[PDB]
Amino acid sequence: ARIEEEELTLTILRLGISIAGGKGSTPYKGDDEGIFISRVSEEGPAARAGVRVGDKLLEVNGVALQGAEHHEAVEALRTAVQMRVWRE
Amino acid sequence: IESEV
């Protein structure tokens, strides 16, 4: 009757997102230094593929970004990109 | 830090 939290395996195809956080930078959420999806353009590819603001980037194209630095999360995301994220 | 991607 509701969803408290879930993990998705969303594959985008070009990204129209803006990742925030990462170990060593002021966290997006109150106490989570992990990489987050902060802004998602309504039109872009990420929007259509199911990515939503507030998702927690866990793994990108087989590389694990669980507890990784900011430029590690960016380097992993800068044609086709599959990301695995945690929600609520 | 909001980085564009």
# chains A, B, ... in the order shown; residues from 1 in each chain; ligands from 1

$ closest_atom_pairs --of "chain A" --to "chain B" --cutoff "6 Å" --atoms "only C-alpha atoms" --output "tab-separated table"
residue	atom	partner	partner_atom	distance
A:15	CA	B:5	CA	5.9
A:17	CA	B:5	CA	5.8
A:18	CA	B:4	CA	4.8
A:19	CA	B:3	CA	5.7
A:20	CA	B:2	CA	4.8

$ write_last_selection --atoms "C-alpha atoms" --output "compact mmCIF listing (two decimals), in the first residue's frame"
# COMPACT_ATOMS: atom_id res chain seq x y z
CA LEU A 15 22.19 13.46 -19.52
CA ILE A 17 20.95 15.60 -14.38
CA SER A 18 23.12 17.40 -11.82
CA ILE A 19 24.91 15.16 -9.32
CA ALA A 20 25.72 16.61 -5.90

$ select_by_dssp --residues "chain A" --states "strand (DSSP E)" --output "MDAnalysis selection string"
chainID A and resid 6:13 17:20 36:40 56:60 63:64 80:87

$ write_last_selection --atoms "N, CA, C and O atoms" --output "CSV table (one decimal), in the first residue's frame"
chain,number,residue,atom,x,y,z
A,6,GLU,N,13.5,1.7,-2.1
A,6,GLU,CA,13.7,0.7,-3.2
A,6,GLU,C,15.0,1.1,-4.0
A,6,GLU,O,15.4,2.2,-3.9
A,7,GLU,N,15.5,0.1,-4.6
A,7,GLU,CA,16.7,0.2,-5.5
A,7,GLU,C,16.3,-0.1,-6.9
A,7,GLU,O,15.6,-1.1,-7.2
A,8,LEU,N,16.7,0.7,-7.8
A,8,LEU,CA,16.4,0.6,-9.2
A,8,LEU,C,17.6,0.4,-10.1
A,8,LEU,O,18.7,0.8,-9.7
A,9,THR,N,17.4,-0.2,-11.3
A,9,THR,CA,18.5,-0.4,-12.2
A,9,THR,C,18.1,0.3,-13.5
A,9,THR,O,17.7,-0.3,-14.5
A,10,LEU,N,18.1,1.6,-13.5
A,10,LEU,CA,17.6,2.5,-14.6
A,10,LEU,C,18.7,2.7,-15.6
A,10,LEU,O,19.8,3.1,-15.3
A,11,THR,N,18.4,2.4,-16.9
A,11,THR,CA,19.4,2.6,-18.0
A,11,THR,C,18.9,3.7,-18.9
A,11,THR,O,17.9,3.6,-19.5
A,12,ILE,N,19.7,4.8,-18.9
A,12,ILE,CA,19.4,6.0,-19.8
A,12,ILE,C,20.1,5.8,-21.1
A,12,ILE,O,21.0,5.0,-21.2
A,13,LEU,N,19.6,6.5,-22.1
A,13,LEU,CA,20.2,6.5,-23.4
A,13,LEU,C,20.2,7.9,-24.0
A,13,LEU,O,19.1,8.4,-24.4
A,17,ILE,N,21.0,15.7,-15.8
A,17,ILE,CA,20.9,15.6,-14.4
A,17,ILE,C,22.1,16.4,-13.8
A,17,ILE,O,23.0,16.9,-14.6
A,18,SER,N,22.1,16.6,-12.5
A,18,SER,CA,23.1,17.4,-11.8
A,18,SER,C,23.4,16.7,-10.5
A,18,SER,O,22.7,16.8,-9.6
A,19,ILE,N,24.5,15.9,-10.5
A,19,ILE,CA,24.9,15.2,-9.3
A,19,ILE,C,25.5,16.1,-8.3
A,19,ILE,O,26.2,17.1,-8.6
A,20,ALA,N,25.2,15.8,-7.0
A,20,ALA,CA,25.7,16.6,-5.9
A,20,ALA,C,26.3,15.7,-4.8
A,20,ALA,O,26.0,14.5,-4.8
A,36,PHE,N,24.3,12.3,-5.0
A,36,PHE,CA,22.8,12.4,-5.2
A,36,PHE,C,22.5,13.1,-6.5
A,36,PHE,O,23.3,13.8,-7.1
A,37,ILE,N,21.2,12.8,-7.0
A,37,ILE,CA,20.7,13.5,-8.1
A,37,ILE,C,19.9,14.7,-7.6
A,37,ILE,O,18.9,14.6,-7.0
A,38,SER,N,20.5,15.9,-7.9
A,38,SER,CA,19.9,17.1,-7.3
A,38,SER,C,18.9,17.8,-8.2
A,38,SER,O,17.9,18.3,-7.8
A,39,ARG,N,19.2,17.9,-9.5
A,39,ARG,CA,18.4,18.5,-10.5
A,39,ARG,C,18.3,17.6,-11.7
A,39,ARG,O,19.3,17.1,-12.2
A,40,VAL,N,17.0,17.5,-12.3
A,40,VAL,CA,16.8,16.7,-13.4
A,40,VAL,C,15.9,17.5,-14.4
A,40,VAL,O,14.7,17.8,-14.1
A,56,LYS,N,19.8,8.2,-5.0
A,56,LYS,CA,21.2,8.0,-4.5
A,56,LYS,C,22.0,7.2,-5.5
A,56,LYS,O,21.7,6.0,-5.6
A,57,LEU,N,22.9,7.8,-6.2
A,57,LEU,CA,23.8,7.1,-7.1
A,57,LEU,C,24.6,6.0,-6.4
A,57,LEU,O,25.5,6.4,-5.6
A,58,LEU,N,24.3,4.8,-6.7
A,58,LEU,CA,25.0,3.7,-6.1
A,58,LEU,C,26.1,3.0,-7.0
A,58,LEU,O,27.2,2.7,-6.5
A,59,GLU,N,25.8,3.0,-8.3
A,59,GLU,CA,26.7,2.3,-9.2
A,59,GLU,C,26.4,2.8,-10.6
A,59,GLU,O,25.2,3.0,-11.0
A,60,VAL,N,27.4,3.0,-11.5
A,60,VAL,CA,27.2,3.7,-12.8
A,60,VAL,C,28.1,2.8,-13.8
A,60,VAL,O,29.3,2.8,-13.7
A,63,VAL,N,30.6,0.4,-12.4
A,63,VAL,CA,31.5,1.0,-11.4
A,63,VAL,C,30.7,1.4,-10.2
A,63,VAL,O,29.7,2.0,-10.3
A,64,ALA,N,31.3,1.1,-9.0
A,64,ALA,CA,30.6,1.3,-7.8
A,64,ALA,C,30.9,2.8,-7.3
A,64,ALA,O,32.1,3.1,-7.2
A,80,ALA,N,25.5,5.9,-24.1
A,80,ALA,CA,24.6,5.2,-23.3
A,80,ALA,C,25.2,4.9,-21.9
A,80,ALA,O,26.4,4.7,-21.7
A,81,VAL,N,24.3,5.0,-20.9
A,81,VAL,CA,24.8,5.0,-19.5
A,81,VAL,C,23.7,4.3,-18.6
A,81,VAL,O,22.5,4.7,-18.6
A,82,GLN,N,24.1,3.3,-17.9
A,82,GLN,CA,23.2,2.6,-17.0
A,82,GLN,C,23.6,2.9,-15.5
A,82,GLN,O,24.8,2.6,-15.2
A,83,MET,N,22.7,3.4,-14.7
A,83,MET,CA,22.9,3.7,-13.3
A,83,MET,C,22.0,2.9,-12.4
A,83,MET,O,20.9,2.6,-12.8
A,84,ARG,N,22.5,2.6,-11.2
A,84,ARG,CA,21.7,1.9,-10.2
A,84,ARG,C,21.7,2.8,-9.0
A,84,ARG,O,22.7,3.2,-8.4
A,85,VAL,N,20.4,3.1,-8.5
A,85,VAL,CA,20.2,4.1,-7.5
A,85,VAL,C,19.3,3.6,-6.4
A,85,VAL,O,18.5,2.6,-6.6
A,86,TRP,N,19.4,4.2,-5.3
A,86,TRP,CA,18.6,3.9,-4.1
A,86,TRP,C,17.6,5.1,-3.9
A,86,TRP,O,17.9,6.3,-4.1
A,87,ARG,N,16.3,4.8,-3.5
A,87,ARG,CA,15.3,5.7,-3.4
A,87,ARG,C,14.7,5.7,-2.0
A,87,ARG,O,14.4,4.6,-1.4

$ residues_around --residues "range 31-35 of chain A" --least-positions-apart "6" --cutoff "9 Å" --atoms "only C-alpha atoms" --output "list in words"
residues 19, 20, 21, 22, 23, 24, 25, 55, 56, 57, 58, 65, 66, 67, 68, 69, 70 and 73 of chain A

$ select_by_dssp --residues "range 46-85 of chain A" --states "alpha helix (DSSP H)" --output "ChimeraX atom specification"
/A:46-48,70-75

$ write_last_selection --atoms "N, CA and C atoms" --output "PDB file, in the first residue's frame"
ATOM      1  N   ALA A  46      17.603  11.529 -18.896  1.00  0.00           N
ATOM      2  CA  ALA A  46      17.450  10.967 -17.558  1.00  0.00           C
ATOM      3  C   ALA A  46      15.998  11.030 -17.099  1.00  0.00           C
ATOM      4  N   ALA A  47      15.322  12.149 -17.364  1.00  0.00           N
ATOM      5  CA  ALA A  47      13.923  12.286 -16.972  1.00  0.00           C
ATOM      6  C   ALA A  47      13.080  11.145 -17.527  1.00  0.00           C
ATOM      7  N   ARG A  48      13.177  10.901 -18.836  1.00  0.00           N
ATOM      8  CA  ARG A  48      12.362   9.861 -19.453  1.00  0.00           C
ATOM      9  C   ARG A  48      12.697   8.481 -18.905  1.00  0.00           C
ATOM     10  N   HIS A  70      33.583  13.031  -5.355  1.00  0.00           N
ATOM     11  CA  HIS A  70      32.720  13.730  -6.302  1.00  0.00           C
ATOM     12  C   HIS A  70      33.186  13.512  -7.737  1.00  0.00           C
ATOM     13  N   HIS A  71      34.462  13.792  -8.022  1.00  0.00           N
ATOM     14  CA  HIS A  71      34.945  13.645  -9.392  1.00  0.00           C
ATOM     15  C   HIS A  71      34.917  12.194  -9.853  1.00  0.00           C
ATOM     16  N   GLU A  72      34.927  11.237  -8.922  1.00  0.00           N
ATOM     17  CA  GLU A  72      34.707   9.846  -9.303  1.00  0.00           C
ATOM     18  C   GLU A  72      33.293   9.652  -9.837  1.00  0.00           C
ATOM     19  N   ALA A  73      32.304  10.258  -9.178  1.00  0.00           N
ATOM     20  CA  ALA A  73      30.926  10.138  -9.640  1.00  0.00           C
ATOM     21  C   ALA A  73      30.719  10.882 -10.953  1.00  0.00           C
ATOM     22  N   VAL A  74      31.390  12.022 -11.127  1.00  0.00           N
ATOM     23  CA  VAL A  74      31.260  12.774 -12.370  1.00  0.00           C
ATOM     24  C   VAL A  74      31.970  12.045 -13.505  1.00  0.00           C
ATOM     25  N   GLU A  75      33.208  11.606 -13.263  1.00  0.00           N
ATOM     26  CA  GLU A  75      33.958  10.906 -14.301  1.00  0.00           C
ATOM     27  C   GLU A  75      33.190   9.693 -14.809  1.00  0.00           C
TER      28      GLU A  75
END

$ atom_distance --atom1 "CA of residue 43 in chain A" --atom2 "CA of residue 27 in chain A"
26.4 Å

$ atom_distance --atom1 "CA of residue 49 in chain A" --atom2 "CA of residue 29 in chain A"
23.3 Å

$ atom_distance --atom1 "CA of residue 61 in chain A" --atom2 "CA of residue 77 in chain A"
8.5 Å
